[PDB]
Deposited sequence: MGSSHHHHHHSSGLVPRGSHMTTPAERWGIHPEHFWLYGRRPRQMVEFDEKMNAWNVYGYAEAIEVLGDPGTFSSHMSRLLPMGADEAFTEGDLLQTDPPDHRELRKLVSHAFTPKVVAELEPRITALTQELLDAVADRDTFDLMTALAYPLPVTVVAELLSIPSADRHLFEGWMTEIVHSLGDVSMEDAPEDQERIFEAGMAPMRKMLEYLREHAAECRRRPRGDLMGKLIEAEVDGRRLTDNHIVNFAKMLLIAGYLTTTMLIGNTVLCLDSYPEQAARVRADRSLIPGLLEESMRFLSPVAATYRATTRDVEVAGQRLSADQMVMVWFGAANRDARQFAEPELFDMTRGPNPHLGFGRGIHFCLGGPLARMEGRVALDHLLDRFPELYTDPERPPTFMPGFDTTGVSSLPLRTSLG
């Protein structure tokens, strides 16, 4: 069975998508000026030692100058635990269950708009519009303004290979307005914590949460549909047994990891897998490669939606593991379950092929033209 990567030419430089094993699991990369970690055990070691492998990437900026406080992804212990503890109750299974009906209603509304189409782009119809609502609800952003965020996000991703300033100014005004009558929501918790967090900290957290929760989820949705198109026997079984959807989404994350790598900075000289890293060097931890390591996964080149256990690193591991995982799992499940209900047949179009997000550290669909019948 031809993989999505082979069929569509996904990230030829991500050699693990093509079954090739690294020469060694830790290796220095000249173009990025960074150490790459490709192995599962080595990724676990790096992720589990934040004292040596810092997430505060500003430490690598050259002599000179830088304000990332409030961004949990950039924050090391001891502040990391304190900031995460302040916000973590916004991400629980109880919150997931409270938001699920809203996500289901929005999914059905989005599908009504395309249900009669002969062809449509899954990404524009469903995968891009859906994931803003969760982040907007967490941040108490008015329903009126959520469209702004979809536009700004996709625009900024386009520029990278105006919208960011407008988004940040909205976020600063939103922080200032939320101080007027704070409520028992996440914005209020950020405001009330006690030094205290300033609007700069709150804007950093809000920008982080949009980066973290939007396009990742979009890619998960698109990637999973792409996998169903390439593995149609598995897709038929999913359609007939929707309890397979969660394991399908986990295998999609293992096989096409939306976050292909994260970043660390060494704080000291350190040896990993026989390699001598120096202090003040960048380390890229390639979740996508670790997710193909045959020391951990049997037949890692095969897409198997019933793989279980499936301890993939698509949501990370250790202190920074994805706080949004339960929300993302729900969004993917709701999107896929209703898509399959509304379209008894879906196919890619060899004349309008899928395209992929450009970032070298991502693995995901950016456009997915589909046909709703053959003919």
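Participant: Report the unmodelled segments of the deposited sequence as residue ranges counted from 1.
Facilitator: Model skips 1-20, 86-87, 184-202, 236-238 of the deposited chain.
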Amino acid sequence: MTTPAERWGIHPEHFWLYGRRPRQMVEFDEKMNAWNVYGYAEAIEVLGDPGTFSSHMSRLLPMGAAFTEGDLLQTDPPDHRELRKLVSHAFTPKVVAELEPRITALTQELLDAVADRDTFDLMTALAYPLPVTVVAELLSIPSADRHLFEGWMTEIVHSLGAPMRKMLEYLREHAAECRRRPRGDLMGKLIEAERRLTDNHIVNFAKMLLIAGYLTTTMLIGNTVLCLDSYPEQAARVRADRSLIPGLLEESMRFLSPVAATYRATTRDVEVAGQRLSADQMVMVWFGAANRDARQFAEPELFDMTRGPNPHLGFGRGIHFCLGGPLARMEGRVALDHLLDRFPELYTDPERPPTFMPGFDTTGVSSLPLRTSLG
From here on, numbers count along this sequence of modelled residues.
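Participant: When the C-alpha temperature factors are averaged for each of 315-323 and 34-42, which stretch ends up with the higher value in the entry?
Facilitator: Mean C-alpha B-factor is greater for 34-42.
Participant: Would 143-151 or 255-263 have the larger average of its C-alpha temperature factors, as given in the entry?
Facilitator: According to the PDB entry, the answer is 143-151.
Participant: Of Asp71, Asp116, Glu192, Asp229, which one's C-alpha B factor is largest in the deposited record?
Facilitator: So the option with the highest C-alpha B-factor is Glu192.
Participant: Say you rank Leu99, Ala273, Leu302, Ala125 by Cα B-factor from the PDB entry; which sits at the top?
Facilitator: Max CA B-factor in the entry, restricted to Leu99, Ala273, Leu302, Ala125: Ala273.
Participant: Considering only modelled residues of the same chain, in which third does the CA B-factor of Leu215 rank: lowest, middle or highest?
Facilitator: For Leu215, whose C-alpha B-factor we compare with every modelled residue in the chain, the answer is the middle third.
Participant: Using the temperature factors of the C-alpha atoms in this entry, rank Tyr170 within its chain: lowest, middle or highest third.
Facilitator: It belongs to the highest third of the chain when residues are ordered by C-alpha B-factor.
Participant: Among the chain's modelled residues, which third holds the C-alpha B-factor of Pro246?
Facilitator: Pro246: CA B-factor falls in the lowest third of its chain.
Participant: Among the modelled residues of this chain, does the Cα B factor of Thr355 put it in the lowest, middle or highest third?
Facilitator: It belongs to the middle third of the chain when residues are ordered by C-alpha B-factor.
Participant: Can you work out whether the C-alpha temperature factor of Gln24 puts it in the lowest, middle or highest third of the chain?
Facilitator: It belongs to the highest third of the chain when residues are ordered by C-alpha B-factor.
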